[PDB]
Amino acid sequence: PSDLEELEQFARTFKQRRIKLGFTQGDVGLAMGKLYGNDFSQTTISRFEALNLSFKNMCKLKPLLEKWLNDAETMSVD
């Protein structure tokens, strides 16, 4: 609940969830650009999953990656 623990957990769960969907780090960066306008690089995704980014930049990316996960995990659900 500390908010830093919220980012840690979300970053860990994002990795496992990205891998379950069969998406590369680079595919996420591109899908976000087409879906939300600004694309990101495989390097930026990799750093997010490993918490190699500032707490300010980790907070800026979370909601973007959060929206993308909702769309990708419901590809099969009619």
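Residue numbers here begin at 1 and follow the sequence given.
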Residue range whose averaged C-alpha B-factor is higher in the record, 52-60 or 12-20 = 52-60
Would you please rank residue 5 by its C-alpha temperature factor against the other modelled residues of its chain and give the third it falls in: lowest, middle or highest?
-> highest
Of the three thirds of the chain ranked by Cα temperature factor, residue 71 occupies the middle
Report the third (lowest, middle or highest) to which the CA temperature factor of residue 35 belongs, ranking only the modelled residues of the same chain.
-> highest
